[PDB]
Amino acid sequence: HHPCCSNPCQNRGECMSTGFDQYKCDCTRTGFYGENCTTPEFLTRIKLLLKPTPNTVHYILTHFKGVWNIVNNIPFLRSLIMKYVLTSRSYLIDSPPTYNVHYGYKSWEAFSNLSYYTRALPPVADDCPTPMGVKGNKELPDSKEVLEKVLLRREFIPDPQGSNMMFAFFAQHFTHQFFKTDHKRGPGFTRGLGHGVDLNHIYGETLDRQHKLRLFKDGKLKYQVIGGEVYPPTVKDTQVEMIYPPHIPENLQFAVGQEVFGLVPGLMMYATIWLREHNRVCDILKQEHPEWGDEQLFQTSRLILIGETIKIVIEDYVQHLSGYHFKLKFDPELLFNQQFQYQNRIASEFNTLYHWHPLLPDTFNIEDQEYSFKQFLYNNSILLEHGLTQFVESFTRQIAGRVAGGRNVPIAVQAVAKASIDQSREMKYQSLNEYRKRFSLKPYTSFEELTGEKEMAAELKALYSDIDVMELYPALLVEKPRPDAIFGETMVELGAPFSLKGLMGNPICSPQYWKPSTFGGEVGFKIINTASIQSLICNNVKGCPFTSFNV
């Protein structure tokens, strides 16, 4: 079998077979040397002794509120800290990207083919004696067993951080512009060739689709007016393909950028909001530039919305997730004097860690009504009957579920959660502990250590036998959360690097893009730099309801 099956190389060293039973580790720029890159250099040894553990940095950022109030209000100091935050996490991502599901060694195919999700860790070789390499049993525990014993929801566990359904549907809507798995090809493949925040979920992946969604007057997107209220146009009027079951009336078959957004009224809510926002921006730009044509009005509005998205995602969305007292800042200028690659490639593992199905509640509470999953799916008449205003008011009030801590995946989505385990195995994912080492974390030495608890640990112990063969995905959902937090260590220390690369690696953040002329002047630039989840709703939802990402 492959000599690298045991993953002998440490500290981001690279394994290469040198014969049927021999390997060699490449320790170049790891800061380590020796057969397995285990011996540290003098500079590295001191650097290791001083580096605070992720849980210590988390403590500081979620305590000393009085000091953070001061830091947050000194621009020079706030910028300095945000600069470290960005740079320290960006470094953990390979850019230009390296491996994918088919290539556990660097290759031009892996680099050039945008149809693949990239991979933070190479896949386990096909001929390895064990699913994870050398350790554990010949088969991983049955995925259904794992799901039922440690993942499925017994009782609904609310998020201690206060996350609401406004946040939950935002996460789903937003992340679904770059998580577009090509099922015709396989789970290691994507339909989102932009590999980041291009807003294809509003505008369409292809030009052909974009043009069916456009009005071609004043730069705007097509729309319909039902009961005085602006909604996306129909499948019939646009000839835009959407996923809908055949029983749904032509009227409620809304056509938007992303084919799957008719699945959930919550997604259609943000689809309508962003559609309204783009047309609102077109009106603003048409007044600033009465001399501009439709094409520039559209293009310029798109870039502004990309700006709004990255701004809202950092300063509202990530801010809320973080639980920090420190105010995260969206400012491209922070990287202008730093070494940073303005490019991104969506990692398969980023996709997997983002399967936050526990967020989903048992019922969807709108006004006085409580809708079940069956009632809620594909039902756009709920959005029409209640209206966006009510939808915002209700989902701001309804708490979402805790992601970590175990046993909170709703039964309605059991098949999806099982799929997340199966496809991980199909894609030959390395173990949780390997992913932890890859992201500078000390590997878990027991199931009790991972879970911070006793019952789920015991079950997992009987299923996997060895902590070093625990899988990434189920571990993220069973992990001990941070104090009163939605996630545990692994979720954050993997998610944040992937997250920040995709946000800052956007072209609009590059020095040659980050200037007022890119966005139609100061007026367009102003829209970005003052954008918030509150302003987004206020500008586009009748009666400007209050909103946030917490209850």
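Don't overthink the numbering: it's just position in the shown sequence, from 1. Under this definition, the rigid core comprises the largest set of C-alpha atoms superposing within 1.5 Å between the forms.
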More shifted region, core-based fit in 6 other deposited structures of this protein, 85-93 vs 460-468 by CA: 85-93
If you average the CA temperature factors as listed in the entry, which stretch comes out higher, 111-119 or 367-375? 367-375
Select between 381-389 and 280-288 the stretch whose C-alpha atoms have the higher average B-factor in the entry. 381-389
Which of these, 212, 83, 220, 320, has its C-alpha atom at the highest B-factor, as the entry lists it? 83
Maximum C-alpha temperature factor, selected from 224, 414, 272, 172: 414
For the chain shown, is the CA B-factor of residue 477 in the lowest, middle or highest third of its modelled residues? middle
Splitting the chain's C-alpha B-factors into thirds, which one does residue 166 fall into? lowest
Going by the entry, which third of its chain does the Cα temperature factor of residue 99 land in? lowest
Based on the entry's values, in what third of the chain does the Cα temperature factor of residue 339 lie: lowest, middle or highest? middle
Record-listed C-alpha B factor of residue 259: chain third: middle
